[PDB]
Amino acid sequence: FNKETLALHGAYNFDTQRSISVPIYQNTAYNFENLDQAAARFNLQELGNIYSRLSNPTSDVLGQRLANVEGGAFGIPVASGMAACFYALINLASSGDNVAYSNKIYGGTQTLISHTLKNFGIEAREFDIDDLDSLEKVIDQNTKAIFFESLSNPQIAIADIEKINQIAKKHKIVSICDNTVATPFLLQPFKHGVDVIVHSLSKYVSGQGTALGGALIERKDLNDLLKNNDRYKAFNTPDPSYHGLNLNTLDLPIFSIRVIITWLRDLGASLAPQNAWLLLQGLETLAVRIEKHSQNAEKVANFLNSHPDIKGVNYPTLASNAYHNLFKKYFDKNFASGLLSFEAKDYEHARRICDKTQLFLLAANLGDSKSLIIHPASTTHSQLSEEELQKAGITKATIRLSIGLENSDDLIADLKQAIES
Amino acid sequence: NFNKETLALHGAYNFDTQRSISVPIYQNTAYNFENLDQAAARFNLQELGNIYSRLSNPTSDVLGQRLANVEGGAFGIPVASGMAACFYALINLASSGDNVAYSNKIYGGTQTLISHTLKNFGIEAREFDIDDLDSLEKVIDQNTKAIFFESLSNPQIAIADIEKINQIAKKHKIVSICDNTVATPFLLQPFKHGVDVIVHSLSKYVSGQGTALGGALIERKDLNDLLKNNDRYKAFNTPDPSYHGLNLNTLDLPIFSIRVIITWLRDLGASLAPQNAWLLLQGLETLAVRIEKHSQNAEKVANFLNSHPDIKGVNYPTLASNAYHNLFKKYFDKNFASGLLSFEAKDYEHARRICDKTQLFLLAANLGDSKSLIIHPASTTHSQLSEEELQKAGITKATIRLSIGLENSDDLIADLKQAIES
Amino acid sequence: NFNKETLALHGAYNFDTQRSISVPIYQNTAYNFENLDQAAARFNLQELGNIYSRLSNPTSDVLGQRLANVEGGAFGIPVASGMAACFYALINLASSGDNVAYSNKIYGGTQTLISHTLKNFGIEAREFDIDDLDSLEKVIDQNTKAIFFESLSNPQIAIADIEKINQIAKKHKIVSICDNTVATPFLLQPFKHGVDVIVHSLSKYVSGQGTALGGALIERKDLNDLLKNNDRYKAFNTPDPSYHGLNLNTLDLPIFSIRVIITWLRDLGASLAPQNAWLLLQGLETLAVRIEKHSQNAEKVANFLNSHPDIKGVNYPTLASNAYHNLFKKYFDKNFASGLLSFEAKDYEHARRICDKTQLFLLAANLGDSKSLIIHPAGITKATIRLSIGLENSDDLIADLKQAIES
Amino acid sequence: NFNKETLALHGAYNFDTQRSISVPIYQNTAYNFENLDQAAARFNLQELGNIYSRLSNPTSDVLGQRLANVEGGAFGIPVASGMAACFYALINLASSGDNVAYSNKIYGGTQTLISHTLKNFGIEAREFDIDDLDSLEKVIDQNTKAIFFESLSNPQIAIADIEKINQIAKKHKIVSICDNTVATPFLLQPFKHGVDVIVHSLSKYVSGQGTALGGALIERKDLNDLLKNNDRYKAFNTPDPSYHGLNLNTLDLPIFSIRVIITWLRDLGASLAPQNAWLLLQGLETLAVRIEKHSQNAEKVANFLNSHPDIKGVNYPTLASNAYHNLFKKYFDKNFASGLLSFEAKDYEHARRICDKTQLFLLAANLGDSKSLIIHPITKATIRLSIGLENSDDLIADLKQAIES
């Protein structure tokens, strides 16, 4: 079946009640049928329900469907997109190791990687997605992951995935792609050799600014890269937390297994059932929604691009954009999602715009059905240094927009009056 | 002003425009800033307020403050789970190269987190015996950033002599962390005895119905006094690059909680969902009445087990022969000891028949549910522990742990009776 | 088998495939029939089962059966609200041209429903005094299809002498309906005293937290005996065209509840949403412990008000001087009288100051919330104040009322 | 001002103190009045505002007003279900001894409600043929209080010639009620054609995912003009004892909606729960994009069925040979006909094999779910499909294998 169909059917066979909609398991524990069954589950001998901090049936449906839509093998939902980025990195790197990360990513993920992970003895090494030789340069035998975004936030920078893959495969390093903005419907990183995909479900999957959540998805056959690979000992050595169990002995997606038995179990960034359920509902309609977000974004982009009071527009469909060729190369449906940014005349103009819009809501989020607006320098990328901003391509006049599902003429009119004030 | 029961029902909520008596469920991730200054000001910690739900949410804020109010603390922060709360409390104090001291009698999951999982982040764990505090002095050095223990342990039901832990902790200027999950704030108030930070698995008694996973970190009043200008905690006294040189010791705010928000929630994201937060608020409202029934039932079940010939030992603090009975009388003002207890069956085979025979006690892995629960720890909750660590925590192959629910005690006793006698 | 407290926690739920201890929330409207026969069979009442949530939902089914179990009845049906429950109970018995007898001491909304709104449907209402039952005999005729009253009235806190109502009802072969909302199934069991149908506003004590609007209709065991072959109830003994001639008296099922489903829920649609049903199930689990606190607190507040010089009269059954005290001792086995009470202030102006001065008692229109509530509502006067006693600390409550009263 | 798509996303919501972009879920039954006067004033209809959730709730209020906004109406009231909405609309107009005129081509449940269940309340029902409007003139008398029909019928997919119904209704000064559930406010706007009251089963397309049962009654702008001083509707022109003699014709408010609240919701209690209302609001936000996919998919499935040799007849308005095609072109401005359609199998046994063989079309009784559905309700060979949001090729393939074997 096609992706649209897989977001609606699969990973749910109807329990006894045969409800068409997936039930909401607002529950933490399960009744084991007998003591053997219980103990067997605690020993990984038998798979099954144990305790919601580890897994929940509502969230399991979500995980598998997300994996199905991406063309991957297994997916794991967590409390948030950040938790997903965090879990993906620590599942690969531990104290004394380093990770390579793109210089054009979400501000929060940047802070997590370049500052917060130090506390755990994990070194971060920045690289430029626009000049991949810079990636080869920071790689050593201690580099455990290569992290980047498919379509960056807020520069809307597109990564040349095939080239990142080449380098990653060569050194036998796990590649992590945050495909949040593009969504699995506009881009399928797995098709291009990506090992692990992370998503902030909180954005487009929800599509309505109502459910915070994240997911870690692994490709098919990822064990091939982790098993018997000197770069990843955690997956090839007896583990004392599990009475000597060695993950390379399992015929299961070991990356996902470790996320469950270790990170969810001990760190506990668990996705609540109600959020999981809402996210499932959003997943069902994402295919239709992302197209509208895209169509609207393009019109807004064309309008901003021709207006005299605007000094520059950042959106991949624009033929003059630096990522336009990469866009045509990797986006099969010719839709570029709903995020875009533009340059106002100056700081004072950017501020007047944010204070004058009536439909674009001044807020810090993206992928909501309602259009949103923000000024990154003093907000989302407020933590970054004055120079890091320039490396990511942001200025004091920069405005970021999250294009919603409203009528395009109404949106254009709202931006027009704000801009012209 | 008011009593605890009252504070679990009123407070930290003004009634918005609609004046709904119940706290609204903010199933929402973002907020509409009134203007650009306001926004930027919030991102700079100049003005406090709503920004994004991964950091804070109004539904969960009411929960945090009320939990703090019932404990007699200053500020509280709900997180996705009890484990997340334990994790966040430790990392907010220790970083790579440091060590933490922890009780040998705690929740299995927390034990794994501390003794194994934290190694991955370069955080050393040093076990100590709550029954012999000299063992605590012994493992302390200038790199020790936290002293962790449970007020009423899971599953031994071991009571910590809080005042003595406090003495040692205050002497070395170390932050003490107490997991008060089982006792609940209604049976015991660790802050009264010098505890600095309290963690709770809200998932257990606060929920009281096995429906909402959640955790909370609560800090005492004046905790800044201990963190500010203390060489043992540089993260709270040095310009932070993640925040353009901001130095937390400069703030007139609960800095422990602030760091949890601006750093751990913001970057690690173990955020508590709004629906769970709301359900937990509801549970908090009734915890005072519920915990008393749980306690009354537990005591009757304990007395019954204690007199039955097929039972070899019972662990519950109300029993006069119990080793923690004096500590119980010393720290528990309402003479209720909560709903968790454990007992020894004749042997492994007997413990297993019991688990397979009960009809009301549900074989499951959780505690504090309104429905009674049962489990065999060695092969389950403490399955990860070594054969010797089990003995240091006091668990055997014949050990059974029970979570006493709100059902009728005669019905519960009868269910255990038939299971035990077969 | 088990006690009430236990039945509110175990029963009517056997764990699906996932074996979740908590009942799942079926936020769902339709079900996947396994095959066409199964489907058609369900639409014909040949096979019982899931069809569409407007009729029934598994989450709400657990609630219905447990409520029935705690009351000692046979089957229960949850609906959108207590009002809907009262409405559905009456219309399931009376149709245009019939009449219903109702107590003069009941919930205002129910009084309006019965004495005014039902006229629109050609249903006559005939009031009777619960304190003088001869008045009931008087209004009864062969067209009287129901006798409605409250076990513990709102806001009078008037207790009905159930046995005597039952006698009269059983004699004439008329279905008796008891609204047991305030007393709750834990303080009083109307079925023990001959009641046929029990209605509850689940919105009040079952929820116990002012969060879920809901109602329920519960029928006693063997109610068919009274409905089948009874000339007073032709709807249950005549082929029905809406169901291809089906005659309910032919069914080995609780026909009263069946009609509520296949007709009133199906066509009028006052369905109880799954989130509400689930919350109500949660509340049901803890009602036994909660109602005792509500009761203990109410009694202390009552005693305090009863001794304060600025208060002119207190209405609560535990007070030995109260007119319903003997009826209280006769029907309430635990010695708890719930959390509703009323009292007389010095006068209208005093009653207002009180409502405007309380800090814990919240000025609002509801009852049975965990938070204490207050309001200024024929059995009532301009000085009358009604209180809904919450779960707060009694000393705190008393202190809040003391400062309001003394201002 | 704005377009419909925009109105489904913005409006009727202020941002309370917290300024949450999403509408909060008021899982609550009561409200804290600020003082005694305020309270009493609300119980007397002097001041509008929150009282008790059985009557109104802020979450559901946003839904009501937005639904009204998208339809181009004045006020909307959500209720527990579509049936409850139909019921409430009728009884708000007719009482014992009156009669109502209803279309012979409507939802089965509504047909039962009107032709059988309402008898219990002394309300007579008189059927009429939407395809032959003279039949409507015929059943009308001075006791006829409502004219009920569907814009796009279920399961016939029969389109009503609204203008002609309106003509007749306006002439006799009778309130017209249009169930616009299947078409949705995005494909058809009955108010544009003189309809007085619109009912919707929100449970279907507005939810769009089979998760929230709900209904709504929406009234047009200026409906008072038709109700006030109209001898046909005394309930809206006589002192009411339930409200201490209050006479509704004295109010500067949508009196039709007011009565639904102060009388039907208050006393009958078919209240819409907050969680359902909130979910429905979420569905409303995305209905515009969803209904187009449902429509595009339906059309393709219809064309496929229409050309397959094992299929004997297809019922969908976009098909040029369909009897309602001209009416479709006349009333549907976008050229989308929603996701409901029906077709004739070879015979009863074939219709049954199909229902038992589909893997994507789920054998169930509902419509407007994002997942495609199928059922056997008109003839013995008739099959009714609810076209979902799945990929059309996948849907066509599933039906192809079922039909062919």
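By convention in this document, chain letters (A, B, ...) are assigned in the order of the sequence lines, proteins followed by strands, and residues within each chain are numbered from 1. Both backbone and side-chain heavy atoms feed into the values below; hydrogens, waters and symmetry mates do not.
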> Any side-chain donor paired with an acceptor under 3.5 Å for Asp141(D) and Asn99(D)?
yes
> Which residue pairs pass the side chain to side chain donor-acceptor pair (under 3.5 Å) test when at least one of the two sits in residues 331-342 of chain D, sequence neighbours left out?
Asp161(D)-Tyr331(D), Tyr205(D)-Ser338(D), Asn315(D)-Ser342(D), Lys329(D)-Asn335(D)
> Checking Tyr324(D) against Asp131(D): is there a side-chain donor and acceptor pair closer than 3.5 Å?
yes
> Between the side chains of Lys170(D) and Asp196(D), is the shortest nitrogen-to-carboxylate-oxygen separation below 4.0 Å, so that they form an ion pair?
yes
> Pairing donors with acceptors under 3.5 angstrom, does anything connect the side chains of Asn154(D) and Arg384(D)?
yes
> Is a salt bridge present between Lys330(D) and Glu163(D), judged by a nitrogen-to-oxygen distance below 4.0 Å?
yes
> With no hydrogens and no angle check, just 3.5 Å: does a side-chain donor-acceptor pair link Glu406(A) and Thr6(D)?
no
> Could you tell me how the ring of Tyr233(D) sits relative to the ring of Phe236(D): parallel (under 30°), tilted (30 to 60°) or perpendicular (over 60°)?
perpendicular
> Under 6.0 Å from the six-membered ring centre of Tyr102(D) and within 45° of its axis: does the NZ or CZ of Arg126(D) meet both?
no
> Any side-chain donor paired with an acceptor under 3.5 Å for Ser153(D) and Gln156(D)?
yes
> How about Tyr13(D) and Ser20(D): does a side-chain donor come under 3.5 Å of a side-chain acceptor?
yes
> Under the salt bridge (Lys or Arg N to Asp or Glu O under 4.0 Å) rule, what do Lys371(D) and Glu284(A) come out as? Steps first, then yes or no, please.
CA-CA 9 Å; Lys371(D) 286 70 71 183; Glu284(A) 291 193 348; 2.8 Å; yes
> Just by modelled atom types, is the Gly269(C) backbone N or O under 3.5 Å from a matching donor or acceptor in the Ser81(D) side chain?
yes
> Decide whether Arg289(A) and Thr285(A) meet the rule of one side-chain donor and one side-chain acceptor closer than 3.5 Å.
yes
> What I want to check is whether the side chains of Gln27(C) and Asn276(D) have a donor and an acceptor closer together than 3.5 Å.
yes
> Report yes or no: do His200(D) and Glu71(D) form a side-chain donor-acceptor pair below 3.5 Å?
yes
> Salt bridge between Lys105(D) and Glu127(D), side-chain N to carboxylate O under 4.0 Å?
no
> For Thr112(D) and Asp267(C), does a side-chain donor sit closer than 3.5 Å to a side-chain acceptor?
no
